[PDB]
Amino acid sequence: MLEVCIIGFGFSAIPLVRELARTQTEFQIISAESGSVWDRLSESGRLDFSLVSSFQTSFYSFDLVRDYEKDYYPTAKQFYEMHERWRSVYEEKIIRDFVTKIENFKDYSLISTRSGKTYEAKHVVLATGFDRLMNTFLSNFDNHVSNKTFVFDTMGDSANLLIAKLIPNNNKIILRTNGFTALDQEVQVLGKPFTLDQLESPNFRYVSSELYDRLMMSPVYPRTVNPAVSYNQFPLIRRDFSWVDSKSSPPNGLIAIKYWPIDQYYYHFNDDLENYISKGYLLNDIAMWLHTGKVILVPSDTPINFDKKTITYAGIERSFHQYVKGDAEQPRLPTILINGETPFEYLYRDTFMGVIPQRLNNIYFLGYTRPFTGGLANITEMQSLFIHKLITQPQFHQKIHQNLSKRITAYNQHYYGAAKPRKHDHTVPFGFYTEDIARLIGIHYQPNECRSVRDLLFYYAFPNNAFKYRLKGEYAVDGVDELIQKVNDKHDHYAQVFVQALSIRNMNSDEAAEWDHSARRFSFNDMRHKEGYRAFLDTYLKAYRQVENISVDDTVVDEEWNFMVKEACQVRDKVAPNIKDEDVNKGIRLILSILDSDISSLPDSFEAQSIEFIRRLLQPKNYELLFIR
């Protein structure tokens, strides 16, 4: 009887197939001849964009140990070439067919296909990805559209990419939405670049809920009155967060757009602009678009007539070329029959860690958990290790399954509380999820085993990327030692991140929010760093058009759009006229000077009490996770 069948092979399945091959576990992969959206994009020459996630969070540990030299954002082309490279390695183990049905019995499943061939396997892993409405827009995208109006009812990474492609042809963009959370994908920390996922120091949640909340939530919740922040200049960007019923911040189910702020875009790409655009580095600064009026926010009930395809805003009845409805995603699951009769109903919250479904035997889901920030790789690498351990170690399988229902209840209580299920329940903070899996598997670090301040930097401030947990022990990957050293030397051992948490231990959330926005350039949505890049933007639009062979006439002027922009930007025209690093810098020198100091022996009695707090980091009081114990 076949031990393992993996259904679907694109990106998510790669690390699981790697571990099954290593333990010489019998497996067969079944995956559709048609492949994925990435194959649609490759075939039509539309791999002309870049990831919204860093190299370190987006490629697997076993590629990073070879290929990491510096932080960067991979291209779509690079992401696809990496899928194809691993597909080539495993192609002989892939049956090209499409699974229509799975009948699940007490200790095996019967797998049915479009060809008619059936398969029996003891363990079945689904790695089939999602159907996304928006994929048609991207794969079938027409660029010879110019001077048209588009209306979006949802703001997401897919909408933000479409918008980046539309604005250069003087398409006007209306967002008729209930607000959105957009975050600079890159931040300058004393003039030195950090991806946003590098600043999250998630294991500080173990110090306290309250402290981590103050550390993370001021750019998401409207907590500062600072008139430089986008959510003060453009309040239609704010969201109803009245659904949140968890002390875990940021909450499971929060989604965010990650985008290039134009100042970082300029820093990376100004010196070879057309070449970088041709590679797929596209400026997607939603905050610059709002600043310049290339995008407008309108209330979610602005008059729209779908029959005449007009939207009416102030006193102009605006013709629109296209309404883009919000991007629903659902797992591509075949029919699953419980005891080979009763349709399984999929619900993220009713699975353990998004991986283990109830009422099914030896079926696992891989790739259906979405990271709040950073790449999918962090999530699917840790899921793969979890699945591999459940499949290959009956002792582990027993330990997790014996109380599966109670684990799932305890997880939902911690992360969702009383909130009713939401379509984005599958979205998790990456650094909580990787750590959660690591503790379930036993490849976690123990904060009490930190000896030096350097060890505390590693435990609390070094990002919880999947490769962090592959340095030693059961799932060690050769070269992770050298990789962690390179990362640490490039980022000063994450001392700046560690110092951030120190600086706010004593503040309330309002003080922390003001303090967070007290910099010359704060991390996220700083509207003071837009006007200075208006000339660079015209250089950019010219370079984009050259790359794409488009002529558009800027000397033709859309007078009715100019009028709608005025109305949309009334709060900005009032708020904007009203427009940390000291401390942080002295914090870093203190910490970098006690790097090799023993923690437990640090003396009693800013500089004095920050030492005591550092000593307490050996015994965090909010460590318990009841879904694991």
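In this text, the rigid core denotes the largest set of C-alpha atoms whose superposition between the two forms falls within 1.5 Å. When you see a residue number, it is the position in the sequence shown, counting from 1.
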Core-superposed comparison in 5 other deposited structures of this protein: bigger Cα RMS shift among 141-149 and 90-98 is in 141-149
Of 373-381 and 299-307, which departs more from this form in 5 other deposited structures of this protein by CA RMS after core fitting: 299-307
Can you check if residue 603 is missing its coordinates in at least one third of the other PDB entries compared, counting only those that model the residues either side of it? yes
Select one of none, 1 to 3, 4 to 9, or 10 or more to describe the deposited residues without coordinates separating residue 579 and residue 580. 4 to 9
Gap between residue 605 and residue 606, counted in deposited residues with no coordinates, falls in the class 10 or more
Between 191-199 and 123-131, name whichever shows the higher mean Cα B factor according to the PDB entry. 191-199
Using only the Cα atoms and their B-factors as the entry lists them, report which of 406-414 and 182-190 averages higher. 182-190
For the listed 171, 525, 392, 177, which has the peak Cα B-factor recorded in the PDB entry? 177
From 253, 367, 340, 74, which pick has the Cα B-factor that tops the rest in the entry? 340
Classify residue 12 as lowest, middle or highest third according to the C-alpha B-factor given in the PDB entry, relative to its own chain. lowest
Taking the C-alpha B-factors as the PDB entry records them, is residue 68 in the lowest, middle or highest third of its chain? middle
In terms of its chain's C-alpha B-factors, the third that includes residue 42 is the middle
Thinking about Cα B factors across the chain, which third does residue 615 belong to? highest
Record-listed C-alpha B factor of residue 236: chain third: middle
